[PDB]
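1. Just the starting chains for now, same placement as in the complex:
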Amino acid sequence: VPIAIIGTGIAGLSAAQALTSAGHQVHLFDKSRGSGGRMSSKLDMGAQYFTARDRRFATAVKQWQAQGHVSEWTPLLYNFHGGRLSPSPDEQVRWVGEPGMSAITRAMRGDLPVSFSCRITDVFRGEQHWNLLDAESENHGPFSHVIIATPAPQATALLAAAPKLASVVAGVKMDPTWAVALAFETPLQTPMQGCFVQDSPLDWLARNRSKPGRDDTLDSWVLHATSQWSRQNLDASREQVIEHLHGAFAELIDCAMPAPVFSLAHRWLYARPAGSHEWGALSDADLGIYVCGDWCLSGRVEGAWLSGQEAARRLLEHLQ
């Protein structure tokens, strides 16, 4: 009788990897067509790069490097502050999935059992086992334990069996992010490959072809709006969002810009936790339900990975 894991982003797959290394059977659930969550699923329109400040996470990254799924990104980075573009060099080590951000989670998932396009709506337990109800009213189960690995607002629905936990998780605010991708046939005549942006609807842009192993055919750019701007335009249409963020991009760039080959927009309602936490993970070991996610920690890739590990560590102790 397997462990159910709800959410196949970094946190859920990290918990999955830990449990499977320990010999246990898992079954994964995601409402999306594929895995990866805010890493994006197999242009990098979600998470852009990540850093490793935790030695344990650093170790996992070295393992991903040796498996061929992560590499270092050293873009020529700029800053846009008060109407001025300026180079902003550093020596920060930044990692990206290769050949896209989605590659890390895809490899973590591997051949594990998974039910995609499966939105869980309820999680409840009998005297022994857990059961999941999905949005098509179908039952899934039995399961011995349940790990919730969703953004906090989406986990609260799944924690009715533990209202004290639900109440804590429901307090966790997430900020939204609108993303836009733009692709040019003629590359933009700038050496900029990424930019931290102030005083603008944008706070970040990245030049996809500067990342290792990406396709060079088009010069594609990813634009991330601030949370404040995203909130203010949360119900804007994709085409208005494209137009505004494209305009912001045209206003800070130092060079000419032809018409894009295509343009995309994507809204994340629950993109980033509003603040940081130190919980690591939240568990009701008595009932067998565990909660993890980036929002249990720093709200970065590293946080999500560490949270999934902590959830699985606690489950493993109690199994035994």
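-> That came through, no problem. Numbers count the residues shown, from 1 in each chain, chains lettered A, B, ... in the order given.
2. As a check, name the ranges of all helices in chain A.
-> For chain A, the helices defined by DSSP state H cover A:10-21, A:55-66, A:102-109, A:152-155, A:163-170, A:227-232, A:238-252, A:301-319.
3. what does stretch A:152-166 rub up against?
-> A:6, A:120-125, A:148, A:150, A:169-170, A:172-174, A:269-270, A:273, A:282, A:284, A:287, A:289, A:291, A:293, A:295 (Cβ atoms under 8 Å, 6 or more residues apart in numbering). In short, each C-beta sits where N, CA and C put it, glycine included.
4. Residue A:168 contacts residue A:282, correct?
-> Yes - checked against Cβ atoms under 8 Å, the pair residue A:168 and residue A:282 is within contact range at 6.5 Å.
5. coming back round to it: let me know which of the helices of chain A is tucked in deepest.
-> helix A:10-21 (a mean of 25; mean count of other Cβ atoms under 10 Å).
6. among the contacts of stretch A:152-166, which are in strands?
-> A:6, A:120-125, A:148, A:174, A:269-270, A:273, A:282, A:284, A:289, A:291 (DSSP state E).
7. Farthest-apart pair in these, please.
-> Using Cβ to Cβ, these span at most 28.9 Å, a distance reached by A:125 and A:269.
8. Looking at those two, which one has more neighbours?
-> residue A:125 (18 against 13; other Cβ atoms under 10 Å).
9. Show me what the more buried one bridges to in the sheet.
-> Assessed by DSSP bridges, residue A:125 has beta-bridge partners residue A:130.
10. can you tell me which residues contact it?
-> For residue A:125, counting by Cβ under 8 Å, 6+ apart, the contacting residues are A:131, A:161, A:287-289.
11. related to what we said a few turns ago, export the helices of chain A to JSON lines and append columns for distance to residue A:211.
-> Output for these, formatted as JSON lines (distance: least, Cβ to Cβ, whole Å):
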{"stretch": "helix A:10-21", "distance to residue A:211": "18"}
{"stretch": "helix A:55-66", "distance to residue A:211": "15"}
{"stretch": "helix A:102-109", "distance to residue A:211": "12"}
{"stretch": "helix A:152-155", "distance to residue A:211": "29"}
{"stretch": "helix A:163-170", "distance to residue A:211": "34"}
{"stretch": "helix A:227-232", "distance to residue A:211": "24"}
{"stretch": "helix A:238-252", "distance to residue A:211": "18"}
{"stretch": "helix A:301-319", "distance to residue A:211": "15"}
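12. quick one, which of those is nearest to residue A:82?
-> helix A:238-252 (11.0 Å).
13. thinking again about what came up before, redo the contacts of residue A:125 as CSV? Include distance to residue A:180.
-> Formatted as CSV, these follow (distance: Cβ to Cβ, whole Å):
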residue, distance to residue A:180
A:131, 41
A:161, 40
A:287, 43
A:288, 42
A:289, 38
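14. Which pair of those spans the longest distance?
-> Most distant of the contacts of residue A:125, by Cβ to Cβ, are A:131 and A:287, 13.0 Å apart.
15. mind giving me the domain split of chain A?
-> A:1-40+A:103-171+A:279-320, A:41-102+A:172-278 (curated CATH domains).
16. Can you tell me which of those domains is most buried?
-> domain A:1-40+A:103-171+A:279-320 comes out most buried of the domains of chain A by mean count of other Cβ under 10 Å, with a mean of 20.
17. for it, the distance to its chain's centre please.
-> Mean-position distance between domain A:1-40+A:103-171+A:279-320 and its chain equals 15 Å (Cα atoms, centre = their mean, to the nearest Å).
18. Equivalent analysis for stretch A:173-182, please.
-> Counting by Cα atoms, centre = their mean, stretch A:173-182 comes out at 11 Å from the chain centroid.
19. now for chain B:
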Amino acid sequence: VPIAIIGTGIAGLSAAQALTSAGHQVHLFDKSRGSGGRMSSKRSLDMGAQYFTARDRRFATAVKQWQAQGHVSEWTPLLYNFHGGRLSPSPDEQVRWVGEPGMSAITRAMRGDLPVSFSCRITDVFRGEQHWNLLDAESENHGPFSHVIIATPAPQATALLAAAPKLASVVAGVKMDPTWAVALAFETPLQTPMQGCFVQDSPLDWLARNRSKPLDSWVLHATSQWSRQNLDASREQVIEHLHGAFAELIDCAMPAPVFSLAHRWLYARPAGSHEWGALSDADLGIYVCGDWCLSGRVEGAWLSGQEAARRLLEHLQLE
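-> Okay, here's chain B dropped in alongside the others:
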């Protein structure tokens, strides 16, 4: 720009009526194919709420209007109690109301011709700078809406309150208990005068004889304790165990039933009473109601809905 109401149980429709009586347009959503929520009749069997009492004078007044309209009747069953292996008559001084021809007729009459989207499960609720918006399970946007009233069981409301985390954390602490309900029907009526029974020391909490509301069919409700212990049992097993509990307590022949159904209510009733009335973030424009804001009875849900609408109407002058 209309007010969105998410849930077409009696709390949501009560809010709807109060808002529409005040001249304000609403739009109703429900994930089910029809309205009534836990006051729903299955096609006729009351599988959720069985009867209701009116103790609040305001709610009584509404019941009497419904009664004049033909949608409720006073139910006068021969009531029994089963205590310690003994079944005894248990008449009392409480007036009990039911919908007529079914418990659903009340909510159906309240909804009337109001705008409604059925089979529409809302999964996120968020606002831009101006208006509120709803996402459904098909990823379809609904809106713009001027305000939003959440009218669902508390565990189902938390996912819709992400725009108001403080409210969300309050709503999320509200425990709801499950009930397994079973309906059975017999070819020849059971040779007992009993028409209702309060049950102790049994998997069963309650049972009612349908034909005694204004084939001999019966509804059985299990205790929340037994329901939790068997929350993942199959329908056939539930039918079997609860039919058995009924055959054990009754004191006449009970031939095999000729029809049987089981229905699980995960969120049947709040585990405790509350005194909130409604919950709200009126500055943001989101309001929350349900039976679990008050007593966990039909009356509490109705009152909660009135209270949510009253709060919203009163706050308009500050907007």
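20. With chain B now part of the structure, what is the answer for the contacts of stretch A:152-166?
-> Applying Cβ atoms under 8 Å, 6 or more residues apart in numbering or on different chains, the external contacts of stretch A:152-166 come out as A:6, A:120-125, A:148, A:150, A:169-170, A:172-174, A:269-270, A:273, A:282, A:284, A:287, A:289, A:291, A:293, A:295, B:124, B:155-156, B:158-159, B:162, B:168, B:172-176, B:266-267.
21. I'd say residue A:299 and residue A:278 touch.
-> No - contact between residue A:299 and residue A:278 fails when scored by Cβ under 8 Å: they sit 11.8 Å apart.
22. Please report phi then psi for the residue lying farthest from the centre of chain A.
-> Most distant from the centre of chain A: residue A:127, at 34.7 Å, with distances by Cα atoms, centre = their mean. Main-chain dihedrals, residue A:127, degrees, to the nearest 10: phi -60, psi -30.
23. who touches it in this structure?
-> Per Cβ under 8 Å, 6+ apart, neighbours of residue A:127: B:229-230.
24. Let's see that with 6 Å instead.
-> Counting by Cβ atoms under 6 Å, 6 or more residues apart in numbering or on different chains, residue A:127 makes contact with residue B:229.
25. Also residue A:22?
-> Counting by Cβ under 6 Å, 6+ apart, residue A:22 has contacts residue A:316.
26. which residues does the most centrally placed residue in chain A contact?
-> Centroid-nearest residue in chain A: residue A:38, 2.5 Å away (criterion: Cα atoms, centre = their mean). Residue A:38 makes contact with A:46-47 under the criterion Cβ under 6 Å, 6+ apart.
27. Residue numbers of chain A in contact with chain B?
-> A:124, A:126-127, A:131, A:135, A:153, A:156-157, A:160, A:163, A:166-167, A:170-171, A:173, A:232, A:234-235 (Cβ under 6 Å from any Cβ of the partner chain).
28. could you redo the last one with a cut-off of 8 Å?
-> A:119, A:121-122, A:124-127, A:129, A:131, A:133, A:135, A:139, A:141-142, A:153-154, A:156-157, A:159-160, A:163-164, A:166-174, A:176, A:231-236, A:269-270 (Cβ under 8 Å from any Cβ of the partner chain).
29. Please name the nearest non-neighbouring residue to residue A:278.
-> residue A:297 (7.0 Å; Cβ to Cβ, 6 or more residues apart in numbering or on different chains).
30. ok, that neighbour touching residue A:307?
-> Yes - the criterion here is Cβ under 8 Å, and residue A:297 meets it with residue A:307 at 5.5 Å.
31. Overlap of the contact sets of those two?
-> Listed as contacting both residue A:297 and residue A:307 by Cβ under 8 Å, 6+ apart are residue A:280.
32. Mind listing residues that contact stretch A:292-306?
-> A:7, A:9-12, A:14-15, A:38-39, A:47, A:50-54, A:56-57, A:60, A:147-152, A:155, A:172, A:174, A:272-273, A:276-282, A:307-308, A:310-311.
33. can we see that at 6 Å?
-> Contacts of stretch A:292-306 (Cβ under 6 Å, 6+ apart): A:10-11, A:14, A:47, A:50, A:54, A:57, A:149, A:152, A:172, A:272-273, A:276-277, A:279-281, A:307-308, A:311.
34. Restricting to C-alpha, output it in PDB.
-> Presented in PDB, the C-alpha positions along stretch A:292-306 are these (Å, rounded to 0.1, in the frame of the first residue of the first chain):
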ATOM      1  CA  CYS A 292       6.000  20.500   2.300                       C
ATOM      2  CA  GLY A 293       6.700  23.300  -0.200                       C
ATOM      3  CA  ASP A 294       9.000  26.200  -0.900                       C
ATOM      4  CA  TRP A 295       6.800  28.300   1.300                       C
ATOM      5  CA  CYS A 296       7.800  26.100   4.300                       C
ATOM      6  CA  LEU A 297      11.300  27.700   3.900                       C
ATOM      7  CA  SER A 298      12.900  30.300   1.700                       C
ATOM      8  CA  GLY A 299      10.500  30.200  -1.300                       C
ATOM      9  CA  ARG A 300      13.300  29.200  -3.700                       C
ATOM     10  CA  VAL A 301      14.100  25.900  -5.400                       C
ATOM     11  CA  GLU A 302      16.500  25.100  -2.600                       C
ATOM     12  CA  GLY A 303      13.700  25.600  -0.100                       C
ATOM     13  CA  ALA A 304      11.300  23.400  -2.000                       C
ATOM     14  CA  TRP A 305      13.900  20.600  -2.200                       C
ATOM     15  CA  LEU A 306      14.800  20.900   1.500                       C
END
